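To start, the structure itself, in structure tokens.
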Amino acid sequence: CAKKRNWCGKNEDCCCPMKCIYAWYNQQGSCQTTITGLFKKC
């Protein structure tokens, strides 16, 4: 359970419905309400 701003790296520790996000560099990610951070009813 994390909030958008501090990332998760991967979609393992977020406070849904957020998935971790990416840009280009990779390795890490961001908690963002997308891809499934909307209809991933939690």
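Ligands are numbered from 1 in the order shown, residues from 1 within each chain, and chains are lettered A, B, ... in the order they appear in the structure tokens.
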
Inset, instruction - For residue A:7, please output as a count of residues only all residues within 7 Å (counting only C-alpha atoms; exclusion window: fewer than 3 positions along the same chain). - result: 5

Legend entry - Close residues, residue A:16 itself excluded, 7 Å, only C-alpha atoms, min 3 positions apart in chain, as a list in words: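 In the requested format, the answer is residues 1, 37 and 42 of chain A.
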
Could you write out that same residue set with C-alpha atoms as a short mmCIF file (atom, residue, chain, number, x, y, z; two decimals), in the first residue's frame?
data_model
loop_
_atom_site.label_atom_id
_atom_site.label_comp_id
_atom_site.auth_asym_id
_atom_site.auth_seq_id
_atom_site.Cartn_x
_atom_site.Cartn_y
_atom_site.Cartn_z
CA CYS A 1 0.00 0.00 0.00
CA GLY A 37 -5.42 0.89 -11.80
CA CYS A 42 -9.74 -3.72 -4.50
#

Find the residues around residue A:17 up to 9 Å (only C-alpha atoms counted), leave out those fewer than 3 positions away in its own chain, and share them as a PDB file with N, CA and C atoms, in the first residue's frame.
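Writing done, so here's selection35.pdb:
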ATOM      1  N   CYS A  14       1.618  -1.676  -3.587  1.00  0.00           N
ATOM      2  CA  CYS A  14       0.859  -0.406  -3.840  1.00  0.00           C
ATOM      3  C   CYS A  14      -0.480  -0.495  -3.130  1.00  0.00           C
ATOM      4  N   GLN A  32       1.178   3.968 -10.253  1.00  0.00           N
ATOM      5  CA  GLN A  32       0.270   4.827 -11.075  1.00  0.00           C
ATOM      6  C   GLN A  32      -1.057   4.144 -11.214  1.00  0.00           C
ATOM      7  N   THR A  33      -2.077   4.954 -11.235  1.00  0.00           N
ATOM      8  CA  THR A  33      -3.426   4.375 -11.354  1.00  0.00           C
ATOM      9  C   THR A  33      -3.742   4.002 -12.782  1.00  0.00           C
ATOM     10  N   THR A  34      -2.977   3.115 -13.341  1.00  0.00           N
ATOM     11  CA  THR A  34      -3.325   2.771 -14.738  1.00  0.00           C
ATOM     12  C   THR A  34      -3.059   1.349 -15.099  1.00  0.00           C
ATOM     13  N   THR A  36      -4.417  -1.165 -15.194  1.00  0.00           N
ATOM     14  CA  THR A  36      -5.427  -1.898 -14.382  1.00  0.00           C
ATOM     15  C   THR A  36      -5.719  -1.074 -13.139  1.00  0.00           C
ATOM     16  N   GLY A  37      -5.139   0.091 -13.018  1.00  0.00           N
ATOM     17  CA  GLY A  37      -5.418   0.894 -11.795  1.00  0.00           C
ATOM     18  C   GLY A  37      -6.709   1.663 -11.887  1.00  0.00           C
ATOM     19  N   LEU A  38      -7.728   0.928 -12.211  1.00  0.00           N
ATOM     20  CA  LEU A  38      -9.068   1.534 -12.345  1.00  0.00           C
ATOM     21  C   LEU A  38     -10.087   0.420 -12.191  1.00  0.00           C
ATOM     22  N   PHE A  39      -9.999  -0.571 -13.038  1.00  0.00           N
ATOM     23  CA  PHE A  39     -10.978  -1.699 -12.947  1.00  0.00           C
ATOM     24  C   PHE A  39     -10.412  -2.901 -12.181  1.00  0.00           C
ATOM     25  N   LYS A  40      -9.443  -2.639 -11.347  1.00  0.00           N
ATOM     26  CA  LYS A  40      -8.815  -3.732 -10.538  1.00  0.00           C
ATOM     27  C   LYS A  40      -9.381  -3.419  -9.157  1.00  0.00           C
ATOM     28  N   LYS A  41     -10.684  -3.556  -9.114  1.00  0.00           N
ATOM     29  CA  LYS A  41     -11.461  -3.305  -7.864  1.00  0.00           C
ATOM     30  C   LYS A  41     -10.727  -3.928  -6.693  1.00  0.00           C
ATOM     31  N   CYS A  42     -10.450  -3.170  -5.677  1.00  0.00           N
ATOM     32  CA  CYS A  42      -9.737  -3.722  -4.502  1.00  0.00           C
ATOM     33  C   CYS A  42     -10.656  -3.331  -3.339  1.00  0.00           C
TER      34      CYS A  42
END

Inset, instruction - Identify, with DSSP run on backbone atoms, the residues in chain A assigned to strand (DSSP E or B), and express the list as a ChimeraX atom specification. - result: /A:19-21,30-32

Inset, instruction - Just the residues within 8 Å of residue A:28, please, counting only C-alpha atoms, with nothing from its chain fewer than 5 positions along; format it as number ranges by chain. - result: A: 7-10, 22
